[PDB]
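Just run_14.csv here, CSV, N, CA and C atoms:
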chain,number,residue,atom,x,y,z
A,262,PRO,N,45.6,118.5,119.3
A,262,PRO,CA,46.4,117.3,119.7
A,262,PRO,C,46.7,116.4,118.5
A,263,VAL,N,47.8,115.6,118.6
A,263,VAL,CA,48.2,114.7,117.5
A,263,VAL,C,47.4,113.4,117.5
A,264,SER,N,46.9,113.1,116.3
A,264,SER,CA,46.1,111.8,116.2
A,264,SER,C,46.9,110.8,115.5
A,265,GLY,N,46.7,109.5,115.8
A,265,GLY,CA,47.4,108.4,115.2
A,265,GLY,C,47.1,107.1,115.9
A,266,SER,N,47.8,106.1,115.4
A,266,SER,CA,47.6,104.8,116.1
A,266,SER,C,48.9,103.9,115.9
A,267,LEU,N,49.0,102.9,116.7
A,267,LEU,CA,50.1,102.0,116.6
A,267,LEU,C,49.6,100.6,116.4
A,268,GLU,N,50.3,99.8,115.6
A,268,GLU,CA,49.9,98.4,115.4
A,268,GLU,C,51.2,97.6,115.4
A,269,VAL,N,51.1,96.4,115.9
A,269,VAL,CA,52.3,95.6,116.0
A,269,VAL,C,51.9,94.1,115.7
A,270,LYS,N,52.7,93.5,114.9
A,270,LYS,CA,52.5,92.1,114.6
A,270,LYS,C,53.6,91.3,115.4
A,271,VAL,N,53.1,90.3,116.2
A,271,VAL,CA,54.0,89.5,117.0
A,271,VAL,C,54.1,88.1,116.6
A,272,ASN,N,55.4,87.6,116.6
A,272,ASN,CA,55.7,86.2,116.3
A,272,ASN,C,56.6,85.7,117.4
A,273,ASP,N,56.0,84.9,118.3
A,273,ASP,CA,56.8,84.4,119.4
A,273,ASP,C,57.1,82.9,119.1
A,274,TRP,N,58.4,82.5,119.4
A,274,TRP,CA,58.8,81.2,119.1
A,274,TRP,C,59.4,80.5,120.4
A,275,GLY,N,59.0,80.9,121.5
A,275,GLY,CA,59.5,80.4,122.8
A,275,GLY,C,60.5,81.1,123.5
A,276,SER,N,61.8,81.0,123.0
A,276,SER,CA,62.9,81.7,123.6
A,276,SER,C,63.0,83.2,123.1
A,277,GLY,N,62.2,83.5,122.1
A,277,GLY,CA,62.2,84.9,121.5
A,277,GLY,C,61.0,85.2,120.8
A,278,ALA,N,60.9,86.5,120.3
A,278,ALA,CA,59.7,86.9,119.6
A,278,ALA,C,60.0,88.1,118.7
A,279,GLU,N,59.4,88.2,117.6
A,279,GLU,CA,59.7,89.4,116.7
A,279,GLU,C,58.5,90.3,116.7
A,280,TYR,N,58.7,91.6,116.8
A,280,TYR,CA,57.7,92.6,116.8
A,280,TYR,C,57.9,93.5,115.6
A,281,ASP,N,56.9,93.5,114.8
A,281,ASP,CA,56.9,94.4,113.6
A,281,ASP,C,55.9,95.5,113.8
A,282,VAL,N,56.4,96.7,114.1
A,282,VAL,CA,55.6,97.8,114.4
A,282,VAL,C,55.3,98.7,113.2
A,283,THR,N,54.1,99.2,113.2
A,283,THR,CA,53.7,100.2,112.1
A,283,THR,C,53.0,101.3,112.8
A,284,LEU,N,53.4,102.6,112.5
A,284,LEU,CA,52.8,103.7,113.1
A,284,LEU,C,52.0,104.5,112.1
A,285,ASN,N,50.7,104.7,112.4
A,285,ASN,CA,49.9,105.4,111.4
A,285,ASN,C,49.7,106.8,112.0
A,286,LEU,N,50.5,107.7,111.5
A,286,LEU,CA,50.5,109.1,112.0
A,286,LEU,C,49.8,110.1,111.1
A,287,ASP,N,49.3,111.2,111.6
A,287,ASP,CA,48.7,112.2,110.8
A,287,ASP,C,49.7,113.2,110.3
A,288,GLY,N,50.9,112.8,110.2
A,288,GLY,CA,52.0,113.6,109.7
A,288,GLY,C,53.3,113.0,110.0
A,289,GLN,N,54.4,113.8,109.8
A,289,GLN,CA,55.7,113.4,110.1
A,289,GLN,C,56.2,113.9,111.4
A,290,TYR,N,56.7,113.0,112.3
A,290,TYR,CA,57.2,113.3,113.6
A,290,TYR,C,58.4,112.6,114.0
A,291,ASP,N,59.2,113.1,114.9
A,291,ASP,CA,60.4,112.4,115.5
A,291,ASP,C,59.7,111.7,116.7
A,292,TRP,N,59.0,110.7,116.3
A,292,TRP,CA,58.2,109.9,117.3
A,292,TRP,C,59.0,109.1,118.4
A,293,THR,N,58.3,108.6,119.3
A,293,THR,CA,58.9,107.8,120.4
A,293,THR,C,58.0,106.6,120.7
A,294,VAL,N,58.5,105.4,120.8
A,294,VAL,CA,57.7,104.2,121.1
A,294,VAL,C,58.4,103.6,122.4
A,295,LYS,N,57.7,103.6,123.5
A,295,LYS,CA,58.2,103.0,124.7
A,295,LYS,C,57.8,101.6,124.9
A,296,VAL,N,58.7,100.7,125.2
A,296,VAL,CA,58.5,99.3,125.3
A,296,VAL,C,58.8,98.8,126.7
A,297,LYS,N,57.9,98.3,127.4
A,297,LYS,CA,58.2,97.7,128.8
A,297,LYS,C,58.4,96.2,128.6
A,298,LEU,N,59.6,95.8,128.9
A,298,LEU,CA,59.9,94.4,128.7
A,298,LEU,C,59.5,93.5,129.9
A,299,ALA,N,59.2,92.2,129.6
A,299,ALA,CA,58.8,91.3,130.6
A,299,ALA,C,60.0,91.0,131.4
A,300,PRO,N,59.8,90.4,132.6
A,300,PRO,CA,61.0,90.1,133.5
A,300,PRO,C,62.0,89.2,132.7
A,301,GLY,N,63.3,89.6,132.9
A,301,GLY,CA,64.3,88.8,132.2
A,301,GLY,C,64.5,88.9,130.7
A,302,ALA,N,63.7,89.7,130.1
A,302,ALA,CA,63.7,89.9,128.6
A,302,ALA,C,64.6,91.0,128.2
A,303,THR,N,65.2,90.8,127.1
A,303,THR,CA,66.2,91.8,126.5
A,303,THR,C,66.0,91.9,125.0
A,304,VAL,N,66.3,93.0,124.4
A,304,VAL,CA,66.3,93.2,122.9
A,304,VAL,C,67.5,92.6,122.2
A,305,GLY,N,67.3,91.7,121.3
A,305,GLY,CA,68.4,91.1,120.6
A,305,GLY,C,68.9,91.8,119.4
A,306,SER,N,67.9,92.5,118.7
A,306,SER,CA,68.3,93.2,117.5
A,306,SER,C,67.1,94.1,117.2
A,307,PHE,N,67.3,95.1,116.3
A,307,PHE,CA,66.2,96.0,115.9
A,307,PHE,C,66.6,96.6,114.5
A,308,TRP,N,65.6,97.3,113.9
A,308,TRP,CA,65.9,97.9,112.6
A,308,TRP,C,64.9,99.1,112.3
A,309,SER,N,65.4,100.0,111.5
A,309,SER,CA,64.7,101.2,111.1
A,309,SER,C,64.4,102.1,112.3
A,310,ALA,N,65.2,102.0,113.3
A,310,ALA,CA,65.1,102.8,114.5
A,310,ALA,C,66.4,102.8,115.3
A,311,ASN,N,66.4,103.8,116.3
A,311,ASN,CA,67.6,103.9,117.2
A,311,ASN,C,67.0,103.4,118.5
A,312,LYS,N,67.8,102.9,119.4
A,312,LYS,CA,67.3,102.3,120.6
A,312,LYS,C,68.0,102.8,121.9
A,313,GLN,N,67.2,103.0,122.9
A,313,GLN,CA,67.7,103.5,124.2
A,313,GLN,C,67.2,102.5,125.2
A,314,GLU,N,68.0,101.8,126.0
A,314,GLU,CA,67.6,100.8,126.9
A,314,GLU,C,68.0,101.0,128.3
A,315,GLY,N,67.1,100.7,129.3
A,315,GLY,CA,67.4,100.9,130.7
A,315,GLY,C,66.8,99.8,131.5
A,316,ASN,N,66.6,100.0,132.8
A,316,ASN,CA,66.0,98.9,133.6
A,316,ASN,C,64.6,98.5,133.2
A,317,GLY,N,64.5,97.4,132.4
A,317,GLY,CA,63.3,96.9,132.0
A,317,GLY,C,62.5,97.7,131.0
A,318,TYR,N,63.1,98.8,130.5
A,318,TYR,CA,62.4,99.7,129.5
A,318,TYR,C,63.3,99.9,128.3
A,319,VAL,N,62.6,100.1,127.2
A,319,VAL,CA,63.3,100.3,125.9
A,319,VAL,C,62.6,101.4,125.2
A,320,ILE,N,63.3,102.4,124.6
A,320,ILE,CA,62.7,103.5,123.9
A,320,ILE,C,63.2,103.5,122.5
A,321,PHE,N,62.3,103.4,121.5
A,321,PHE,CA,62.7,103.4,120.1
A,321,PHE,C,62.3,104.7,119.5
A,322,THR,N,63.2,105.3,118.7
A,322,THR,CA,63.0,106.5,118.0
A,322,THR,C,63.4,106.3,116.5
A,323,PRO,N,62.9,107.1,115.6
A,323,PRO,CA,63.2,106.9,114.2
A,323,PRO,C,64.6,107.4,113.7
A,324,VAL,N,65.0,106.6,112.7
A,324,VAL,CA,66.2,107.0,112.0
A,324,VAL,C,65.7,108.1,111.0
A,325,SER,N,66.6,108.9,110.5
A,325,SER,CA,66.2,110.1,109.7
A,325,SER,C,65.1,109.9,108.6
A,326,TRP,N,65.0,108.8,107.9
A,326,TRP,CA,64.0,108.6,106.9
A,326,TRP,C,62.7,108.0,107.3
A,327,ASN,N,62.6,107.6,108.6
A,327,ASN,CA,61.4,106.9,109.1
A,327,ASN,C,60.5,107.7,110.0
A,328,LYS,N,60.2,108.9,109.6
A,328,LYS,CA,59.4,109.8,110.5
A,328,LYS,C,57.9,109.8,110.2
A,329,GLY,N,57.4,109.0,109.2
A,329,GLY,CA,56.0,108.9,108.9
A,329,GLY,C,55.7,109.5,107.5
A,330,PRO,N,54.4,109.7,107.2
A,330,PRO,CA,53.2,109.4,108.1
A,330,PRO,C,53.0,108.0,108.4
A,331,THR,N,53.5,107.1,107.6
A,331,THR,CA,53.4,105.6,107.9
A,331,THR,C,54.8,105.1,108.2
A,332,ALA,N,55.2,105.1,109.5
A,332,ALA,CA,56.5,104.6,109.8
A,332,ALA,C,56.5,103.1,110.2
A,333,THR,N,57.5,102.4,109.9
A,333,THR,CA,57.6,100.9,110.2
A,333,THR,C,59.0,100.6,110.7
A,334,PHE,N,59.0,99.8,111.8
A,334,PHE,CA,60.3,99.4,112.4
A,334,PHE,C,60.0,98.1,113.1
A,335,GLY,N,61.1,97.5,113.6
A,335,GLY,CA,60.8,96.2,114.3
A,335,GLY,C,62.0,95.8,115.2
A,336,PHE,N,61.8,94.8,116.1
A,336,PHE,CA,62.8,94.4,117.0
A,336,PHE,C,62.5,93.0,117.4
A,337,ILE,N,63.5,92.3,117.9
A,337,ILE,CA,63.4,90.9,118.4
A,337,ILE,C,63.7,91.0,119.9
A,338,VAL,N,62.9,90.3,120.7
A,338,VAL,CA,63.1,90.2,122.1
A,338,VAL,C,63.3,88.8,122.6
A,339,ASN,N,64.4,88.6,123.4
A,339,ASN,CA,64.7,87.3,123.9
A,339,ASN,C,64.4,87.3,125.4
A,340,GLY,N,63.9,86.1,125.9
A,340,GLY,CA,63.6,86.1,127.3
A,340,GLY,C,62.9,84.8,127.7
A,341,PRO,N,62.3,84.8,128.9
A,341,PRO,CA,61.6,83.6,129.4
A,341,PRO,C,60.3,83.3,128.6
A,342,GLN,N,60.0,82.0,128.5
A,342,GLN,CA,58.8,81.6,127.8
A,342,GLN,C,57.6,82.4,128.3
A,343,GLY,N,56.7,82.8,127.4
A,343,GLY,CA,55.6,83.6,127.7
A,343,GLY,C,55.8,85.0,127.1
A,344,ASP,N,54.8,85.9,127.2
A,344,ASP,CA,54.9,87.2,126.6
A,344,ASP,C,56.3,87.9,126.9
A,345,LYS,N,57.0,88.3,125.9
A,345,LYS,CA,58.3,88.9,126.1
A,345,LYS,C,58.2,90.4,126.3
A,346,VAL,N,57.0,91.0,126.0
A,346,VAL,CA,56.8,92.4,126.2
A,346,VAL,C,55.4,92.6,126.9
A,347,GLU,N,55.4,93.6,127.8
A,347,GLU,CA,54.2,93.9,128.6
A,347,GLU,C,53.4,95.1,128.0
A,348,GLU,N,54.2,96.0,127.4
A,348,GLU,CA,53.5,97.2,126.9
A,348,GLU,C,54.3,97.8,125.7
A,349,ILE,N,53.6,98.3,124.7
A,349,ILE,CA,54.2,99.0,123.6
A,349,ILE,C,53.4,100.3,123.4
A,350,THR,N,54.0,101.4,123.7
A,350,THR,CA,53.2,102.7,123.7
A,350,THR,C,53.8,103.8,122.8
A,351,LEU,N,53.0,104.4,122.0
A,351,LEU,CA,53.4,105.4,121.1
A,351,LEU,C,53.2,106.8,121.8
A,352,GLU,N,54.3,107.6,121.7
A,352,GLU,CA,54.2,109.0,122.3
A,352,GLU,C,54.7,110.0,121.2
A,353,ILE,N,54.2,111.2,121.2
A,353,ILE,CA,54.5,112.2,120.3
A,353,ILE,C,54.5,113.5,121.1
A,354,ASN,N,55.6,114.2,121.1
A,354,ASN,CA,55.7,115.5,121.8
A,354,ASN,C,55.5,115.2,123.3
A,355,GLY,N,56.0,114.1,123.7
A,355,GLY,CA,55.8,113.7,125.1
A,355,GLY,C,54.4,113.3,125.6
A,356,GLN,N,53.5,113.1,124.6
A,356,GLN,CA,52.1,112.7,124.9
A,356,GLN,C,51.7,111.4,124.3
A,357,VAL,N,51.2,110.5,125.2
A,357,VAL,CA,50.8,109.2,124.7
A,357,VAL,C,49.6,109.4,123.7
A,358,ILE,N,49.7,108.6,122.6
A,358,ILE,CA,48.7,108.7,121.6
A,358,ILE,C,47.6,107.7,121.9
Output the file's structure as structure tokens, nothing else.
Amino acid sequence: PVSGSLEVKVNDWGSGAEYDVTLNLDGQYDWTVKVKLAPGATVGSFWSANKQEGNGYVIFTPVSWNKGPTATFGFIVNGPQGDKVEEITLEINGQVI
């Protein structure tokens, strides 16, 4: 199985919050990070990744040069006061790390 970890630095300012993510992987992968947004929250911008968004869910994948072993990317979420995100989960090969 693939080993690794996810870390994220959060800076919330009321109407929005910035999430700086760092993936500590045991190699290079075309990883996936799934983000469950809080009610009424939406992604305002992002970097170092491609984004797929649906009903309350966001999926981030790497741009060509950001496959690890230490990948970093980030995004800003706008929404109601309180935590803007409920879950941030790293998956590789369809399996949660």
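The spacing separating atom C of residue 326 of chain A from atom C of residue 355 of chain A amounts to 20.8 Å.
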(message) With distances taken over only C-alpha atoms, which residue among A:291, A:330, A:336, A:322 lies nearest residue 307 of chain A?
(response)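 Selected residue with least distance to residue 307 of chain A: A:336.
Distances from A:316, A:285, A:293, A:310 to residue 265 of chain A were compared using all atoms listed in the file, and the smallest one belongs to A:285.
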(request) For residue 274 of chain A, please output as a PyMOL selection string all residues within 8 Å (counting only N, CA and C atoms; exclusion window: fewer than 4 positions along the same chain). (result) chain A and resi 278-279+342-343
Would you mind exporting the chosen residues as a PDB file, keeping the file's coordinate frame, restricted to N, CA and C atoms?
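Writing done, so here's part01.pdb:
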ATOM      1  N   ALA A 278      60.900  86.500 120.300  1.00  0.00           N
ATOM      2  CA  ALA A 278      59.700  86.900 119.600  1.00  0.00           C
ATOM      3  C   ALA A 278      60.000  88.100 118.700  1.00  0.00           C
ATOM      4  N   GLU A 279      59.400  88.200 117.600  1.00  0.00           N
ATOM      5  CA  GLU A 279      59.700  89.400 116.700  1.00  0.00           C
ATOM      6  C   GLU A 279      58.500  90.300 116.700  1.00  0.00           C
ATOM      7  N   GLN A 342      60.000  82.000 128.500  1.00  0.00           N
ATOM      8  CA  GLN A 342      58.800  81.600 127.800  1.00  0.00           C
ATOM      9  C   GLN A 342      57.600  82.400 128.300  1.00  0.00           C
ATOM     10  N   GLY A 343      56.700  82.800 127.400  1.00  0.00           N
ATOM     11  CA  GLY A 343      55.600  83.600 127.700  1.00  0.00           C
ATOM     12  C   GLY A 343      55.800  85.000 127.100  1.00  0.00           C
TER      13      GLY A 343
END
(message) Could you go through chain A and tell me which residues DSSP, when run on the backbone, assigns to strand (DSSP E), listing them as a PyMOL selection string?
(response) chain A and resi 265-273+277-286+293-298+303-308+310-315+318-323+331-339+346-353+356-357
(request) Rank nothing, just name the residue among A:262, A:306, A:292, A:297 nearest to residue 335 of chain A, using only N, CA and C atoms. (result)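 Nearest candidate to residue 335 of chain A out of A:262, A:306, A:292, A:297: A:306.
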(message) With distances taken over all atoms listed in the file, which residue among A:349, A:338, A:269, A:282 lies nearest residue 304 of chain A?
(response)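 Smallest distance to residue 304 of chain A is found for A:338.
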(request) May I ask for the distance between atom CA of residue 303 of chain A and atom CA of residue 323 of chain A, given in Å to one decimal place? (result)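 Between these atoms lies a distance of 19.7 Å.
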(request) Quick one: pull the distance between atom N of residue 339 of chain A and atom N of residue 309 of chain A, Å, one decimal. (result) 16.5 Å
(request) Give me the residues within 5 Å of residue 345 of chain A as number ranges by chain, counting all atoms listed in the file and dropping any in the same chain fewer than 2 places off. (result) A: 298-299, 343, 347
(message) I'd like to know which of A:311, A:294, A:302, A:280 is closest to residue 344 of chain A, using all atoms listed in the file.
(response)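 Closest candidate: A:302.
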(message) From the options A:281, A:324, A:318, A:296, which residue's atoms come nearest to residue 346 of chain A, counting only N, CA and C atoms?
(response)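 For residue 346 of chain A, the nearest of the candidates is A:296.
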